[PDB]
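See structure below.
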Amino acid sequence: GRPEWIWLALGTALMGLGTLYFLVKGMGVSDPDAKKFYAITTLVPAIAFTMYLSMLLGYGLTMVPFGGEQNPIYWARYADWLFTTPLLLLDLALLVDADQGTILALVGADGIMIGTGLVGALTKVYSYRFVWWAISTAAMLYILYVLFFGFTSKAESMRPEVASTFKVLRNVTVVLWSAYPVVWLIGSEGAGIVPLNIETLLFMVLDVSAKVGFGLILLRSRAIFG
Ligand SMILES: CCCCCCCCCCCCCCCC
Ligand SMILES: CCCCCCCCCCCC
Ligand SMILES: CCCCCCCCCCCC
Ligand SMILES: CCCCCCCCCCCC
Ligand SMILES: CCCCCCCCCCCC
Ligand SMILES: CCCCCCCCCCCC
Ligand SMILES: CCCCCCCCCCCC
Ligand SMILES: CCCCCCCCCCCC
Ligand SMILES: CCCCCCCCCC
Ligand SMILES: CCCCCCCCCC
Ligand SMILES: CCCCCCCCCC
Ligand SMILES: CCCCCCCCCC
Ligand SMILES: CCCCCCCCC
């Protein structure tokens with residue numbers, strides 16, 4: 001009875017339902033281009049379902065000493081994000097036909113974001129937790145910069161309906177993603193202001209929006225068809 005359990009349970013349910021809905025729709029499509037978007041986009045909440053379920057059952061949680069106390073850190077979030085965040089970037093890349101080398105650079109940056117975020121989360125010297133946070137946030141900002149300036153440029157060579165879908169998904173991504181570093185800084189991993197139960201609520205809202213919300217928008221569009 002960690003009080004955050006309720007949001008881990010709701011997160012589990014929403015990621016599950018979203019995965020099932022997307023699989024059902026995905027299995028029914030025959031267009032090859034649309035299939036690739038369905039495969040990527042169904043896997044996103046499926047992974048998140050597995051990690052939410054794991055946390056709900058008490059796995060992916062460790063205690064890290066800093067600031068003179070033992071602090072609960074959910075590390076399973078990073079195992080989700082490691083794979084889900086680049087898959088979302090891959091959906092955006094495929095929509096705008098990004099260059100292969102831009103994709104690699106973004107996936108690289110994304111692994112740096114998640115891996116330095118996790119190192120920060122497990123670091124025992126309080127000050128140095130923020131150093132890793134800042135490196136992670138830099139990597140995130142590079143990603144957003146590229147999505148905002150580079151991908152929008154590529155998108156403008158596409159038909160308007162593809163460009164328009166990309167722009168909504170870009171906007172969703174920039175708003176949601178930019179919130180994660182702030183939650184971490186003020187929550188249990190950082191300054192310890194916002195209690196773990198509220199923090200789990202906030203990451204559940206963000207996660208569901210960034211995966212299922214995003215997917216609803218992408219998979220209902222005409223832009224994914226060939
Ligand atoms: C040659 C121009 C280089 C531009 C340098 C920008 C550095 C700071 C970027 C901070 C990220 C902003 C993200 C924008 C996303 C909406
Ligand atoms: C206590 C919170 C968990 C709620 C679980 C709901 C499970 C799926 C509901 C299906 C209804 C559409
Ligand atoms: C219920 C779990 C579903 C996850 C399916 C997504 C994976 C797509 C693989 C690509 C098909 C060859
Ligand atoms: C083709 C490029 C491969 C890896 C690129 C990494 C991009 C910069 C990350 C900034 C982190 C602070
Ligand atoms: C007392 C020591 C000063 C601490 C330095 C803080 C620097 C903030 C820079 C943030 C980089 C993104
Ligand atoms: C002891 C004085 C240290 C003050 C450092 C402040 C400058 C932070 C630089 C961050 C640049 C990104
Ligand atoms: C609209 C944002 C409201 C921010 C709430 C501030 C949290 C203050 C905590 C006081 C510590 C006991
Ligand atoms: C035990 C909890 C005491 C502090 C309450 C602060 C709540 C912060 C929520 C801010 C939302 C952004
Ligand atoms: C004590 C109440 C236990 C109920 C657990 C419900 C979680 C279900 C996830 C769908
Ligand atoms: C929603 C589709 C089912 C995903 C199966 C994976 C379950 C592993 C949880 C530990
Ligand atoms: C007190 C330690 C500060 C050193 C942090 C330097 C990190 C820059 C790497 C990108
Ligand atoms: C301490 C109670 C205040 C927290 C409310 C947080 C609202 C988040 C909704 C997305
Ligand atoms: C990915 C770059 C690693 C830089 C490490 C700085 C941490 C020193 C406390």
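A note on labels: chains of the structure tokens are A, B, ... as shown, every chain counts residues from 1, and ligands are counted from 1 in their shown order.
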* To do: Residues up to 9 Å from ligand 10, counting only C-alpha atoms and all ligand atoms: could you list those as JSON, numbers by chain?
  => {"A": [15, 16, 17, 18, 19, 20, 23, 45, 46, 47, 49, 50, 51, 52, 53, 54]}
Export, as a PDB file, in the first residue's frame, the selected residues with N, CA, C and O atoms.
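Generated output (out_25.pdb):
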ATOM      1  N   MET A  15      -2.702   2.220 -20.240  1.00  0.00           N
ATOM      2  CA  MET A  15      -1.689   1.719 -21.219  1.00  0.00           C
ATOM      3  C   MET A  15      -2.127   0.382 -21.856  1.00  0.00           C
ATOM      4  O   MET A  15      -2.046   0.190 -23.058  1.00  0.00           O
ATOM      5  N   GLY A  16      -2.699  -0.493 -20.989  1.00  0.00           N
ATOM      6  CA  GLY A  16      -3.321  -1.728 -21.518  1.00  0.00           C
ATOM      7  C   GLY A  16      -4.429  -1.579 -22.495  1.00  0.00           C
ATOM      8  O   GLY A  16      -4.380  -2.211 -23.562  1.00  0.00           O
ATOM      9  N   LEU A  17      -5.452  -0.791 -22.177  1.00  0.00           N
ATOM     10  CA  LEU A  17      -6.512  -0.535 -23.047  1.00  0.00           C
ATOM     11  C   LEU A  17      -6.092   0.111 -24.346  1.00  0.00           C
ATOM     12  O   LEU A  17      -6.552  -0.221 -25.425  1.00  0.00           O
ATOM     13  N   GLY A  18      -5.225   1.094 -24.246  1.00  0.00           N
ATOM     14  CA  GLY A  18      -4.677   1.694 -25.453  1.00  0.00           C
ATOM     15  C   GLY A  18      -3.950   0.716 -26.342  1.00  0.00           C
ATOM     16  O   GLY A  18      -4.149   0.755 -27.569  1.00  0.00           O
ATOM     17  N   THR A  19      -3.129  -0.127 -25.765  1.00  0.00           N
ATOM     18  CA  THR A  19      -2.383  -1.156 -26.528  1.00  0.00           C
ATOM     19  C   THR A  19      -3.402  -2.076 -27.263  1.00  0.00           C
ATOM     20  O   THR A  19      -3.287  -2.333 -28.466  1.00  0.00           O
ATOM     21  N   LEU A  20      -4.408  -2.555 -26.558  1.00  0.00           N
ATOM     22  CA  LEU A  20      -5.365  -3.462 -27.158  1.00  0.00           C
ATOM     23  C   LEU A  20      -6.144  -2.825 -28.279  1.00  0.00           C
ATOM     24  O   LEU A  20      -6.232  -3.374 -29.346  1.00  0.00           O
ATOM     25  N   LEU A  23      -3.778  -2.454 -31.270  1.00  0.00           N
ATOM     26  CA  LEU A  23      -3.525  -3.766 -31.893  1.00  0.00           C
ATOM     27  C   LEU A  23      -4.731  -4.176 -32.726  1.00  0.00           C
ATOM     28  O   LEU A  23      -4.580  -4.634 -33.865  1.00  0.00           O
ATOM     29  N   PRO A  45       2.726   1.873 -26.002  1.00  0.00           N
ATOM     30  CA  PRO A  45       2.003   1.562 -24.806  1.00  0.00           C
ATOM     31  C   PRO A  45       2.087   0.134 -24.296  1.00  0.00           C
ATOM     32  O   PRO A  45       1.859  -0.117 -23.116  1.00  0.00           O
ATOM     33  N   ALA A  46       2.524  -0.795 -25.146  1.00  0.00           N
ATOM     34  CA  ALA A  46       2.680  -2.192 -24.672  1.00  0.00           C
ATOM     35  C   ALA A  46       3.829  -2.254 -23.753  1.00  0.00           C
ATOM     36  O   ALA A  46       3.732  -2.843 -22.658  1.00  0.00           O
ATOM     37  N   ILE A  47       4.932  -1.589 -24.089  1.00  0.00           N
ATOM     38  CA  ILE A  47       6.075  -1.521 -23.199  1.00  0.00           C
ATOM     39  C   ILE A  47       5.723  -0.778 -21.911  1.00  0.00           C
ATOM     40  O   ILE A  47       6.100  -1.246 -20.787  1.00  0.00           O
ATOM     41  N   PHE A  49       2.780  -0.492 -20.524  1.00  0.00           N
ATOM     42  CA  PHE A  49       1.950  -1.402 -19.765  1.00  0.00           C
ATOM     43  C   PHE A  49       2.743  -2.376 -18.954  1.00  0.00           C
ATOM     44  O   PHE A  49       2.465  -2.522 -17.766  1.00  0.00           O
ATOM     45  N   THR A  50       3.780  -2.952 -19.540  1.00  0.00           N
ATOM     46  CA  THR A  50       4.624  -3.884 -18.807  1.00  0.00           C
ATOM     47  C   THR A  50       5.374  -3.275 -17.636  1.00  0.00           C
ATOM     48  O   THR A  50       5.464  -3.894 -16.567  1.00  0.00           O
ATOM     49  N   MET A  51       5.893  -2.023 -17.807  1.00  0.00           N
ATOM     50  CA  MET A  51       6.592  -1.401 -16.759  1.00  0.00           C
ATOM     51  C   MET A  51       5.658  -0.828 -15.707  1.00  0.00           C
ATOM     52  O   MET A  51       5.990  -0.954 -14.485  1.00  0.00           O
ATOM     53  N   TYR A  52       4.501  -0.272 -16.061  1.00  0.00           N
ATOM     54  CA  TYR A  52       3.544   0.146 -15.086  1.00  0.00           C
ATOM     55  C   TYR A  52       3.101  -1.072 -14.212  1.00  0.00           C
ATOM     56  O   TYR A  52       2.888  -0.941 -12.998  1.00  0.00           O
ATOM     57  N   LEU A  53       2.835  -2.173 -14.932  1.00  0.00           N
ATOM     58  CA  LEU A  53       2.386  -3.397 -14.216  1.00  0.00           C
ATOM     59  C   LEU A  53       3.457  -3.867 -13.274  1.00  0.00           C
ATOM     60  O   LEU A  53       3.113  -4.192 -12.113  1.00  0.00           O
ATOM     61  N   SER A  54       4.748  -3.833 -13.690  1.00  0.00           N
ATOM     62  CA  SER A  54       5.861  -4.214 -12.867  1.00  0.00           C
ATOM     63  C   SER A  54       5.939  -3.371 -11.615  1.00  0.00           C
ATOM     64  O   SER A  54       6.081  -3.891 -10.490  1.00  0.00           O
TER      65      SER A  54
END
* Filtered DSSP result for region 28-88 of chain A, state strand (DSSP E or B), as a PyMOL selection string -> chain A and resi 61-66+69-74
Save out the residues we just selected, C-alpha atoms, as a compact mmCIF listing (two decimals), in the first residue's frame.
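Contents of selection.txt, as written:
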# COMPACT_ATOMS: atom_id res chain seq x y z
CA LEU A 61 11.72 0.43 -7.09
CA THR A 62 14.98 1.04 -5.17
CA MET A 63 16.13 3.16 -2.22
CA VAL A 64 18.83 5.78 -2.85
CA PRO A 65 20.50 7.62 0.01
CA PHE A 66 20.88 11.40 -0.45
CA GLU A 69 17.68 10.08 4.00
CA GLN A 70 16.80 6.97 2.00
CA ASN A 71 14.60 8.06 -0.91
CA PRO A 72 12.37 5.78 -3.05
CA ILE A 73 13.27 5.94 -6.74
CA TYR A 74 11.30 4.11 -9.38
* To do: Using only C-alpha atoms, determine which residues lie at most 6 Å from residue 42 (chain A), disregarding the query and same-chain residues fewer than 3 positions distant; provide the list as a ChimeraX atom specification.
  => /A:19,22,38-39
Selected residues written out with N, CA and C atoms, as a PDB file, in the first residue's frame:
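What follows is the written file part_11.pdb:
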ATOM      1  N   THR A  19      -3.129  -0.127 -25.765  1.00  0.00           N
ATOM      2  CA  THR A  19      -2.383  -1.156 -26.528  1.00  0.00           C
ATOM      3  C   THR A  19      -3.402  -2.076 -27.263  1.00  0.00           C
ATOM      4  N   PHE A  22      -5.138  -0.247 -30.141  1.00  0.00           N
ATOM      5  CA  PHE A  22      -4.306  -0.066 -31.262  1.00  0.00           C
ATOM      6  C   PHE A  22      -3.960  -1.370 -32.024  1.00  0.00           C
ATOM      7  N   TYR A  38       1.340   1.592 -37.219  1.00  0.00           N
ATOM      8  CA  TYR A  38       0.683   0.766 -36.237  1.00  0.00           C
ATOM      9  C   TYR A  38       1.651  -0.098 -35.459  1.00  0.00           C
ATOM     10  N   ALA A  39       2.638  -0.765 -36.088  1.00  0.00           N
ATOM     11  CA  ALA A  39       3.490  -1.601 -35.348  1.00  0.00           C
ATOM     12  C   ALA A  39       4.262  -0.775 -34.294  1.00  0.00           C
TER      13      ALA A  39
END
* To do: Identify, counting only C-alpha atoms and all ligand atoms, the protein, DNA and RNA residues located within 12 Å of ligand 4, and give them as number ranges by chain.
  => A: 99-117, 131-146
* May I ask you to write as a ChimeraX atom specification all residues lying at most 10 Å from ligand 2, with only C-alpha atoms and all ligand atoms counted? => /A:5-14,16-17
Any idea what's packed within 8 Å of region 191-204 of chain A, counting only C-alpha atoms, ignoring anything in its chain fewer than 2 positions away? Could you give it as a compact mmCIF listing (two decimals) with N, CA, C and O atoms, in the first residue's frame?
# COMPACT_ATOMS: atom_id res chain seq x y z
N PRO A 3 1.11 4.80 -1.31
CA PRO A 3 -0.11 5.47 -1.72
C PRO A 3 -0.15 5.83 -3.23
O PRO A 3 -1.19 6.04 -3.76
N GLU A 4 1.00 5.82 -3.88
CA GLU A 4 1.05 6.05 -5.34
C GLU A 4 0.46 4.88 -6.13
O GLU A 4 0.26 4.96 -7.39
N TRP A 7 -2.35 5.38 -8.84
CA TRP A 7 -1.96 5.93 -10.15
C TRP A 7 -1.16 4.93 -10.99
O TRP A 7 -1.22 4.98 -12.24
N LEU A 8 -0.41 4.05 -10.35
CA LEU A 8 0.28 2.95 -11.06
C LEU A 8 -0.80 2.01 -11.63
O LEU A 8 -0.76 1.58 -12.81
N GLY A 11 -2.64 3.93 -14.52
CA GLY A 11 -1.58 3.95 -15.65
C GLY A 11 -1.57 2.57 -16.39
O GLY A 11 -1.61 2.48 -17.63
N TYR A 180 8.66 16.84 -18.23
CA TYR A 180 9.35 15.82 -17.46
C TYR A 180 10.54 16.31 -16.62
O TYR A 180 10.66 15.94 -15.43
N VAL A 183 9.13 18.07 -13.45
CA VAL A 183 8.63 17.12 -12.46
C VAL A 183 9.80 16.44 -11.72
O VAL A 183 9.77 16.33 -10.47
N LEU A 185 12.88 17.58 -11.25
CA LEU A 185 13.58 18.55 -10.41
C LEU A 185 12.86 18.87 -9.12
O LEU A 185 13.48 19.00 -8.07
N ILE A 186 11.51 18.86 -9.15
CA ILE A 186 10.75 19.30 -7.96
C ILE A 186 10.19 18.09 -7.18
O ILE A 186 9.79 18.24 -6.05
N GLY A 187 10.33 16.91 -7.74
CA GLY A 187 9.72 15.73 -7.17
C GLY A 187 10.75 14.89 -6.40
O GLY A 187 11.77 15.36 -5.96
N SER A 188 10.47 13.59 -6.21
CA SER A 188 11.22 12.74 -5.30
C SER A 188 12.61 12.51 -5.69
O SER A 188 13.49 12.24 -4.82
N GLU A 189 12.91 12.64 -6.99
CA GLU A 189 14.27 12.43 -7.48
C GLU A 189 15.19 13.62 -7.29
O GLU A 189 16.40 13.51 -7.36
N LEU A 206 1.21 12.53 -17.95
CA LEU A 206 2.12 12.85 -19.01
C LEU A 206 2.33 11.59 -19.91
O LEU A 206 2.30 11.68 -21.12
N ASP A 207 2.59 10.45 -19.28
CA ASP A 207 2.90 9.22 -20.00
C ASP A 207 1.73 8.76 -20.87
O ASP A 207 1.89 8.45 -22.03
N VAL A 208 0.54 8.77 -20.29
CA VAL A 208 -0.63 8.37 -21.04
C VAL A 208 -0.93 9.31 -22.23
O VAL A 208 -1.21 8.91 -23.38
* Shell around region 166-178 of chain A at 7 Å using only C-alpha atoms, local window under 3 positions removed, as a list in words ->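 The contact residues come out as residues 92, 95, 144, 147, 162, 163, 181, 206, 210 and 214 of chain A.
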So that I can check the secondary structure, give me every residue of region 65-140 of chain A assigned alpha helix (DSSP H) by backbone DSSP, as a short mmCIF file (atom, residue, chain, number, x, y, z; two decimals) with N, CA and C atoms, in the first residue's frame.
data_model
loop_
_atom_site.label_atom_id
_atom_site.label_comp_id
_atom_site.auth_asym_id
_atom_site.auth_seq_id
_atom_site.Cartn_x
_atom_site.Cartn_y
_atom_site.Cartn_z
N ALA A 76 12.20 1.64 -12.85
CA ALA A 76 11.59 0.98 -13.99
C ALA A 76 11.10 1.97 -15.05
N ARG A 77 10.82 3.23 -14.64
CA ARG A 77 10.40 4.26 -15.61
C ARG A 77 11.44 4.43 -16.69
N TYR A 78 12.69 4.34 -16.30
CA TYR A 78 13.78 4.53 -17.29
C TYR A 78 13.88 3.37 -18.28
N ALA A 79 13.50 2.17 -17.83
CA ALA A 79 13.46 0.99 -18.72
C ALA A 79 12.36 1.11 -19.74
N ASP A 80 11.23 1.71 -19.37
CA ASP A 80 10.20 2.05 -20.32
C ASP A 80 10.68 3.08 -21.28
N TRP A 81 11.11 4.24 -20.73
CA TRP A 81 11.49 5.37 -21.56
C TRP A 81 12.65 5.13 -22.48
N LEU A 82 13.57 4.28 -22.07
CA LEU A 82 14.63 3.93 -22.95
C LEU A 82 14.18 3.46 -24.31
N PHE A 83 13.12 2.66 -24.36
CA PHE A 83 12.62 2.16 -25.62
C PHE A 83 11.46 2.93 -26.18
N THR A 84 10.58 3.47 -25.33
CA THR A 84 9.43 4.17 -25.85
C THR A 84 9.71 5.54 -26.44
N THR A 85 10.59 6.29 -25.81
CA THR A 85 10.91 7.61 -26.35
C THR A 85 11.53 7.56 -27.76
N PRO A 86 12.53 6.68 -28.02
CA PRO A 86 12.95 6.64 -29.41
C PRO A 86 11.94 6.12 -30.39
N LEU A 87 11.03 5.23 -29.97
CA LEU A 87 10.01 4.81 -30.87
C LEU A 87 9.04 5.94 -31.25
N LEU A 88 8.69 6.79 -30.29
CA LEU A 88 7.90 7.94 -30.63
C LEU A 88 8.64 8.87 -31.62
N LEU A 89 9.96 9.09 -31.38
CA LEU A 89 10.74 9.93 -32.31
C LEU A 89 10.74 9.29 -33.69
N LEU A 90 10.81 7.94 -33.73
CA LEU A 90 10.75 7.22 -35.01
C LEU A 90 9.45 7.41 -35.73
N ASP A 91 8.33 7.44 -35.02
CA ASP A 91 7.07 7.79 -35.67
C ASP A 91 7.11 9.16 -36.31
N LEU A 92 7.65 10.16 -35.58
CA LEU A 92 7.78 11.50 -36.15
C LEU A 92 8.71 11.54 -37.37
N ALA A 93 9.83 10.86 -37.27
CA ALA A 93 10.77 10.75 -38.39
C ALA A 93 10.20 10.14 -39.64
N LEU A 94 9.41 9.09 -39.49
CA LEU A 94 8.82 8.43 -40.60
C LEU A 94 7.76 9.28 -41.22
N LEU A 95 7.05 10.07 -40.43
CA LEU A 95 6.05 10.89 -40.97
C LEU A 95 6.64 11.98 -41.90
N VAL A 96 7.84 12.52 -41.55
CA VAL A 96 8.38 13.57 -42.33
C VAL A 96 9.48 13.12 -43.27
N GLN A 100 18.27 9.49 -42.48
CA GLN A 100 18.78 8.45 -41.61
C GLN A 100 19.77 8.94 -40.59
N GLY A 101 20.71 9.81 -40.97
CA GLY A 101 21.68 10.32 -40.04
C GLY A 101 21.07 11.24 -38.90
N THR A 102 19.93 11.88 -39.22
CA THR A 102 19.18 12.72 -38.20
C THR A 102 18.53 11.76 -37.23
N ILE A 103 18.04 10.63 -37.74
CA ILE A 103 17.42 9.67 -36.87
C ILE A 103 18.40 9.10 -35.91
N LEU A 104 19.58 8.72 -36.43
CA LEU A 104 20.59 8.18 -35.53
C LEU A 104 21.01 9.21 -34.47
N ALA A 105 21.15 10.46 -34.86
CA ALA A 105 21.57 11.48 -33.92
C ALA A 105 20.52 11.69 -32.83
N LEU A 106 19.26 11.66 -33.21
CA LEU A 106 18.15 11.78 -32.24
C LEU A 106 18.02 10.59 -31.34
N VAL A 107 18.14 9.40 -31.91
CA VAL A 107 18.15 8.22 -31.05
C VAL A 107 19.30 8.15 -30.10
N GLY A 108 20.49 8.59 -30.53
CA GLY A 108 21.64 8.76 -29.71
C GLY A 108 21.37 9.72 -28.57
N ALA A 109 20.92 10.91 -28.91
CA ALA A 109 20.63 11.90 -27.93
C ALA A 109 19.62 11.41 -26.90
N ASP A 110 18.63 10.65 -27.39
CA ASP A 110 17.56 10.13 -26.53
C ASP A 110 18.12 9.13 -25.55
N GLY A 111 19.04 8.22 -26.02
CA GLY A 111 19.68 7.33 -25.08
C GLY A 111 20.53 8.06 -24.06
N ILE A 112 21.23 9.11 -24.46
CA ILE A 112 21.93 9.91 -23.52
C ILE A 112 20.95 10.54 -22.50
N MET A 113 19.82 11.08 -22.99
CA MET A 113 18.82 11.67 -22.07
C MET A 113 18.38 10.70 -20.99
N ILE A 114 17.96 9.51 -21.45
CA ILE A 114 17.45 8.52 -20.50
C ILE A 114 18.57 7.96 -19.62
N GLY A 115 19.72 7.61 -20.20
CA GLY A 115 20.79 7.03 -19.39
C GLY A 115 21.40 8.01 -18.36
N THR A 116 21.59 9.30 -18.75
CA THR A 116 22.00 10.27 -17.74
C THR A 116 20.93 10.61 -16.71
N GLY A 117 19.64 10.55 -17.10
CA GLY A 117 18.53 10.76 -16.18
C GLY A 117 18.60 9.65 -15.11
N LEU A 118 18.85 8.43 -15.57
CA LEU A 118 18.87 7.27 -14.62
C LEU A 118 20.09 7.35 -13.72
N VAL A 119 21.24 7.72 -14.27
CA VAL A 119 22.44 7.89 -13.44
C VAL A 119 22.16 8.95 -12.38
N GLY A 120 21.57 10.07 -12.79
CA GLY A 120 21.15 11.11 -11.83
C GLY A 120 20.25 10.61 -10.78
N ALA A 121 19.22 9.79 -11.13
CA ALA A 121 18.33 9.30 -10.21
C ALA A 121 18.91 8.38 -9.14
N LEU A 122 20.04 7.77 -9.50
CA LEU A 122 20.66 6.78 -8.57
C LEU A 122 21.91 7.34 -7.88
N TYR A 126 24.13 14.65 -3.42
CA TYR A 126 22.90 15.40 -3.83
C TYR A 126 23.18 16.33 -4.91
N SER A 127 24.26 17.11 -4.81
CA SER A 127 24.63 18.07 -5.85
C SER A 127 24.84 17.48 -7.22
N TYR A 128 25.45 16.30 -7.26
CA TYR A 128 25.74 15.66 -8.51
C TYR A 128 24.51 15.03 -9.20
N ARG A 129 23.46 14.79 -8.46
CA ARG A 129 22.21 14.36 -9.05
C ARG A 129 21.75 15.42 -10.04
N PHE A 130 21.99 16.69 -9.71
CA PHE A 130 21.59 17.82 -10.60
C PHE A 130 22.47 18.02 -11.77
N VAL A 131 23.73 17.63 -11.66
CA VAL A 131 24.63 17.68 -12.81
C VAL A 131 24.08 16.74 -13.90
N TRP A 132 23.76 15.49 -13.51
CA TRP A 132 23.23 14.52 -14.46
C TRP A 132 21.87 14.96 -15.02
N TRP A 133 21.02 15.48 -14.13
CA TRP A 133 19.80 16.13 -14.58
C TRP A 133 19.99 17.16 -15.66
N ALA A 134 21.03 18.03 -15.48
CA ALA A 134 21.26 19.08 -16.43
C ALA A 134 21.78 18.56 -17.77
N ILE A 135 22.63 17.53 -17.75
CA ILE A 135 23.09 16.90 -18.96
C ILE A 135 21.92 16.26 -19.69
N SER A 136 21.05 15.58 -18.92
CA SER A 136 19.87 14.93 -19.53
C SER A 136 18.94 15.99 -20.23
N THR A 137 18.69 17.08 -19.48
CA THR A 137 17.85 18.14 -20.00
C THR A 137 18.46 18.79 -21.26
N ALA A 138 19.78 18.99 -21.29
CA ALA A 138 20.41 19.42 -22.50
C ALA A 138 20.16 18.50 -23.70
N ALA A 139 20.24 17.21 -23.46
CA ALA A 139 20.04 16.23 -24.51
C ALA A 139 18.58 16.34 -24.97
N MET A 140 17.68 16.56 -24.01
CA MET A 140 16.26 16.69 -24.39
C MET A 140 16.03 17.90 -25.22
#
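For the atom pair formed by CA of residue 56 (chain A) and atom 2 (C, counted along the ligand's line) of ligand 7, the distance is 27.6 Å, given to one decimal.
Counting only C-alpha atoms and all ligand atoms, the residue from A:205, A:40, A:217, A:98 that sits nearest to ligand 12 is A:205.
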